[PDB]
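Single-structure report; data block below.
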Amino acid sequence: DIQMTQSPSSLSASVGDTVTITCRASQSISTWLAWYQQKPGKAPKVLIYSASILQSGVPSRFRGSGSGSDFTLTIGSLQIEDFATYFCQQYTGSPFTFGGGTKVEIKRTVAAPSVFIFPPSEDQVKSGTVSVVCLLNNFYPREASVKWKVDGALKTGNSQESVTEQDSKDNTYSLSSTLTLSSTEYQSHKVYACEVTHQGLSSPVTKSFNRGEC
Amino acid sequence: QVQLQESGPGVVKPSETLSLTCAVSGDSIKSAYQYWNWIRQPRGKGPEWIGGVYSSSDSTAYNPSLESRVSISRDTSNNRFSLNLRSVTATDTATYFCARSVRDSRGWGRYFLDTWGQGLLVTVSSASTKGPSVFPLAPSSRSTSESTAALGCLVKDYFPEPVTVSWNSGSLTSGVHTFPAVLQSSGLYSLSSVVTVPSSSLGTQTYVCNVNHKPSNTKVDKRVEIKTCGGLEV
């Protein structure tokens, strides 16, 4: 392939900034590179073709440039509906390749995760497999580490975490690390803890239930 | 303007051929110098173009990553064009787009995408549609020190993904976070809806999540209360 390397994996901008997404080909592709916007769940909308030619109807926010092996999408004066994921695309020919993507996100302050831990109900212990969920509520930015330590040293694997999108109102979001075990191994231990590591708080926080008592 | 509208099964069993069909509106697929493409996007990844038919004659250009498995055609009268991804595995789970390449006029063989259909997430597994099990999530002791507490319930083991959760029949809409579904190794999904609540209102206000599942007609309402220490109660 020609391999398109879209540089900002993501980035946080405030409404009004001049974001600069950049895409780079692994060889010269002349002027055949499209630029696309994608809202989630919606079909991608074509933004710029050639390397600077702007599709009819697209706002003049949008300024594409670059030649040969190096390109740039520039969005000055950023409105709110400008917030989405953007994909460069080289249309030299088959196989047409795409950019990895750049998610332009809302920048708002810093929040620390409100941490909660939830033990399994006897309902769920009855079925042989339990799920202990650790919750990271309403924090910003995204980067957050979540260890599980059971009951003294940490558990590796078995923990699928899942994250929401920036909440419509406050533009923070929440992570959900879910530790799953056999009911037999769940009963074989006592203290269950989830240690969280995030920037907006001066040292890691841990929540636990001893369950050798409840 | 032009409408591309795609249909097809949102679930495909392992090794089965994955069929999808895009219907064109406001344009003839016959009209010369357009390419009828098929693109797929894994969750949170970059789009992948996989193939396309030429408009005038049945000319097919294929992503070499998949030539052995894909076959793309155009229906000349019904004004449709289909996709056939053979022998699917779990790596073929993605959102599948049908889109149209027109021709960049500053160039000769240059074909850029200009129109897309909204997209069809199709997920590959072997399960039959299955109602979910819902387990309450609540603190095992009243967190008195924090003026606001967090509740929730775990939606676990269910198939095709449309599961919707509400709280107190739709009155509690504030502070509710409902995380994305995740296929576990079993081939069934798992969410959790959570709500933050003033801790003072625990024993006096009751809290219930309302899990619906259309492809199995499963409506369950689970009540969330502070955990006991052996078994709880009703």
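Things to note:
- Shielding by partners - mean other protein chain Cβ count within 10 Å, residues of A:200-210: 1
- If you plug the beta carbon distance of B:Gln205 and B:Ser25 into 1/(1 + (r/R0)^6) with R0 = 45 Å, you get a FRET efficiency near 0.35.
- Residues listed by number, the stretch A:60-104, amide nitrogen under 15 Å from B:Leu66 label point at 7 Å toward C-beta: A:94-98
- Each residue, B:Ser7 and B:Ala32, gets one label point 7 Å from its Cα in the Cβ direction; the gap between the two is 3.3 nm.
- Spin-label model, B:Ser73 to B:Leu232: label points 7 Å out along the Cα-to-beta-carbon direction sit 5.5 nm apart.
- Pairwise label distance in nanometres, B:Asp58 with A:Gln199, each label 7 Å out on the Cα-Cβ vector: 5.6
- In plain terms, the chain from A:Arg24 to A:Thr184 could stretch by 52.4 nm, reckoned as 0.36 nm per residue minus the Cα-Cα distance.
- Choice from B:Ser185, B:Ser73, B:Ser57 with maximal GNM fluctuation in chain B (Cα, 10 Å cutoff): B:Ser185
- Positive-end extreme of charge dipole, the protein assembly as shown - chosen from A:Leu175, B:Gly8, B:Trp36 (charges on Cβ): B:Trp36
- Between the C-alpha center of the stretch A:143-167 and that of the stretch B:1-52 there is a gap of 37 Å.
- Too-long pairs where the Cα-Cα distance tops 23 Å, listed order kept, from B:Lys156/B:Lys222; A:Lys42/A:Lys147; B:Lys156/B:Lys219; B:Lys13/B:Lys130; A:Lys42/B:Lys219: A:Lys42/A:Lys147; A:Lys42/B:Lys219
- 16 Å cut-off, amide nitrogen to a point 7 angstrom out along A:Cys214 Cα→Cβ, residues in the stretch B:145-188: B:145-152
Values in this text are rule-based calculations from the coordinates and carry no lab data. Counting neighbours? That spans all protein chains shown, and the Cβs are built from the backbone with ideal geometry, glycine included.
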